[PDB]
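*Asks:* Can you keep this structure in mind? I'll have questions shortly.
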Amino acid sequence: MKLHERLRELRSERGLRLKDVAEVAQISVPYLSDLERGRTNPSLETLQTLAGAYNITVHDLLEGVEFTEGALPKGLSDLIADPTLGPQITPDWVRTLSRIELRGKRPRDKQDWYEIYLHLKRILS
Amino acid sequence: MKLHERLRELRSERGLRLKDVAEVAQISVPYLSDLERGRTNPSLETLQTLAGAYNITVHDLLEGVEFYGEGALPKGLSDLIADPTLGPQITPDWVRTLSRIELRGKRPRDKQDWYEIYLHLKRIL
Ligand SMILES: [Cl-]
């Protein structure tokens, strides 16, 4: 969702008036209201202020929300993300693998990437 | 952890060089480095750019980081409305109703405590 919708949801579902939030944060009602409208976008340090008064972390505040590209191919990133599998792979091995492309084509998903990683490791060792 | 370390972790664990991450994002190589060492913090517009460039979301990117700098509700009262299975069934104005229960500033601690009272009182009213 949008961030202004989320910031309004957190206070309304919690039964709080703008003033209640205003006072516990170091913030005013017009500015907070602008933020819950979404004219302004807040600093991270304003988001701390809001999180802390909602008794929520800033990670958790940003749960339902959304607001580019990608520097590795997505399957390669998924492999880096796998908990059991990923960590065993050198930072080097990621950029080495990442250069593998045939005119656009790339290994599709992480066990594709994992597969050739294993073959390639034997050869380059 | 801290947001500058996290931003340095993502690029380091993917064997990426600053210009990689600077080339898919609007930012400059110098600006990224100042983000990564902690000198200034990025906007939310900037955060999203980096996150997608690491193929994760902004929520996930802040999985780990934390910030420093008071609550408008009791913690357990918040913990309850944040509970996904137990929390949406409670209305904003049951939430207000609960918060006025304190004796000497002493309050129900955990959400089971807040829930226990909600069930009794909701039956009385
Ligand atoms: Cl080619």
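Note that the protein sequences, when read in sequence, are chains A and B. Counted the way PDB author numbering counts, the first sequence spans residues 1 to 67, 72 to 129. Counted the way PDB author numbering counts, the second sequence spans residues 1 to 69, 73 to 128. No residue lacks a Cβ here, since even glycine has one placed at the ideal position from N, Cα and C.
1) Using a Cβ-Cβ distance under 8 Å, would A/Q92 count as near chain B?
2) Please report how far the alpha carbon of B/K2 lies from the alpha carbon of B/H59, in whole angstroms.
3) Using a Cβ cut-off of 8 Å, pull out every chain B residue sitting near A/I56, in sequence order please.
4) What three-state label does DSSP hand residue 71 of chain B in the structure shown?
5) Hey, is A/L106 close to ligand 3, as in C-beta under 7 Å from one of its heavy atoms?
6) Would you give the residue range spanned by the alpha helix (DSSP H) that B/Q48 belongs to?
7) Closest Cβ-Cβ distance between A/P30 and chain B: below 8 Å?
8) If you reduce the DSSP assignment to three classes, tell me which class B/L35 lands in.
9) Which residues in chain A have a C-beta closer than 7 Å to the C-beta of B/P111? List them in chain order.
10) Can you tell me which of B/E66, B/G69, B/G64, B/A22 puts its alpha carbon nearest to the alpha carbon of B/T46?
11) Based on DSSP bridge pairs, tell me the residues matched to A/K109.
12) Using only the alpha-carbon positions, how far apart do B/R14 and A/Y54 sit?
13) Short of 7 Å in beta carbon distance, which residues of its chain neighbour residue 191 of chain B, apart from the five on each side in sequence? Order them along the chain.
14) Which of the three DSSP states, helix, strand or coil, is assigned to B/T100?
15) For A/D86, I'd like the list of residues in its chain whose CB is within less than 7 Å of its CB, leaving aside the five on either flank, ordered along the chain.
*Replies:* Taking the structure as given:
1) Along the first sequence, one-based indexing puts residue 92 of chain A at 88. Chain B contact via Cβ: absent.
2) Position 2 of the second sequence, counted from the first residue, corresponds to residue 2 of chain B. Position 59 of the second sequence, counted from the first residue, corresponds to residue 59 of chain B. For B/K2 and B/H59, the distance between alpha carbons rounds to 15 Å.
3) Stepping through the first sequence from its first residue, residue 56 of chain A is reached at position 56. What A/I56 touches in chain B: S81, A85.
4) This structure gives no coordinates for residue 71 of chain B. The numbering of chain B moves from 69 immediately to 73.
5) Among the ligands in the structure shown, ligand 3 does not appear; only ligand 1 can be found there.
6) Working through the second sequence from its first residue, we reach residue 48 of chain B at position 48. Here the alpha helix (DSSP H) through B/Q48 covers 44-53.
7) Position 30 of the first sequence holds residue 30 of chain A. No, its Cβ sits nowhere closer than 8 Å to a Cβ of chain B.
8) Taking the second sequence and counting its residues from 1, the one referred to as residue 35 of chain B is at position 35. DSSP places B/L35 in helix when its eight states are reduced to three.
9) Against the second sequence, residue 111 of chain B aligns to sequence position 108. Within chain A, no residue comes near B/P111; the closest Cβ sits about 14 Å away, beyond 7 Å.
10) Working through the second sequence from its first residue, we reach residue 46 of chain B at position 46. Comparing alpha-carbon positions, the option among B/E66, B/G69, B/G64, B/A22 lying closest to B/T46 turns out to be B/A22.
11) On the first sequence, residue 109 of chain A is found 105 positions in, with the first residue counted as 1. Looking at the DSSP assignment, A/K109 forms a beta bridge with A/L106.
12) Numbered from 1 along the second sequence, position 14 holds the residue referred to as residue 14 of chain B. Numbered from 1 along the first sequence, position 54 holds the residue referred to as residue 54 of chain A. Going from the Cα of B/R14 to the Cα of A/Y54 covers about 35 Å.
13) Limits of chain B in this structure are 1 at one end and 128 at the other, which puts residue 191 of chain B out of reach.
14) Within the second sequence, numbered from 1, the residue matching residue 100 of chain B stands at position 97. Looking at B/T100 - three-state DSSP - the assignment turns out to be helix.
15) In the first sequence, residue 86 of chain A corresponds to position 82, counting from 1. The residues are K114.
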